[PDB]
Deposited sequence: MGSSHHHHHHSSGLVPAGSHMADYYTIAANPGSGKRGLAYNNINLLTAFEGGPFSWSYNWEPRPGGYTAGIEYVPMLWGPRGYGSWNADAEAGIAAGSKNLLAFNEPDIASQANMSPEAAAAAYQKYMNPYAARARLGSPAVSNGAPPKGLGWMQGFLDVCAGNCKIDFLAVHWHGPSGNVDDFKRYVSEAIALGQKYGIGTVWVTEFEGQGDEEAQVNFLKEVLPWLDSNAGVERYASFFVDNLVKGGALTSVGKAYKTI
């Protein structure tokens, strides 16, 4: 046998990290997966699925070796470009990203489920306008298993957060993509506001048949002095 008996001992909640060392503060919570906006994890975290990301064109030279490595470590999923709708992020036209998705994501479709580029919640032409332009140019020749989407906004705009997620699920369903991952969400405001935001959205996300996975933004903000903040505690316990 390749394993000892102790290896045989919602599932949606994720750990979006910069410093791998801060994941430890989340020990024993309901976390199934992690990602780091990088193609490589920066170390090893037992018992959680690391999902490599192709962040953008700066990543293209090493991606085949990165993807092969994360699949070999047990990854069932890969994520494409980060906020190509945003100039300060991947900064890619829908046309450019459709060609790049076919070249760099499609080849792994037999060995992993593939996640769309992740769009901001910007107004068209950003956000879900960008995703529509990308799905137009893809024209059925992009192999996409799930849409990846982001929402940052005032903590008191929970209804807008729910509208955005619902519109993302409907867009995916129109194009033959059956689920979304909300790979970043941030309700902006002081700690009490951020905790109240999590108390309304986490159960709604957990109940939403359209949402396969999500990650609050983000681990490194939820930890201080090696300890979960009141916001990190809410993210673990709700």
Not represented among the modelled residues are deposited positions 1 to 17, 27 to 32
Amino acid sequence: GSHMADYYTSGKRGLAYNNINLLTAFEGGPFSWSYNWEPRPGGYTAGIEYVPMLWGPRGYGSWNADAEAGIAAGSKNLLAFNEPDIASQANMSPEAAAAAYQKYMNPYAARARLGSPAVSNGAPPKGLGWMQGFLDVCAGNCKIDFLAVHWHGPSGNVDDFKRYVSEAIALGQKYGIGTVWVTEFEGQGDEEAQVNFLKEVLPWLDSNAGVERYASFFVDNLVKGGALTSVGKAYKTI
From here on, numbers count along this sequence of modelled residues.
Could you check the entry and say whether 213 to 221 or 21 to 29 has the higher mean CA B-factor? 21 to 29
Taking the recorded C-alpha temperature factors, which stretch has the higher mean, 151 to 159 or 114 to 122? 151 to 159
Going by the CA temperature factor in the entry, name the top one among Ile48, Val51, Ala193, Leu54. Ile48
Out of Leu205, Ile169, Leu198, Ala69, which residue has the highest Cα temperature factor in the PDB record? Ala69
Entry-reported Cα temperature factor of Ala100, expressed as the chain third it lands in: lowest
Among all modelled residues of this chain, ranked by Cα B factor, put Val137 in the bottom, middle or top third, i.e. lowest, middle or highest. middle
Please say which third, lowest, middle or highest, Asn106 falls into when its CA temperature factor is compared across its chain. lowest
Of the three thirds of the chain ranked by Cα temperature factor, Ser75 occupies the highest
Third assignment of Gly187 from its chain's C-alpha B-factors: middle
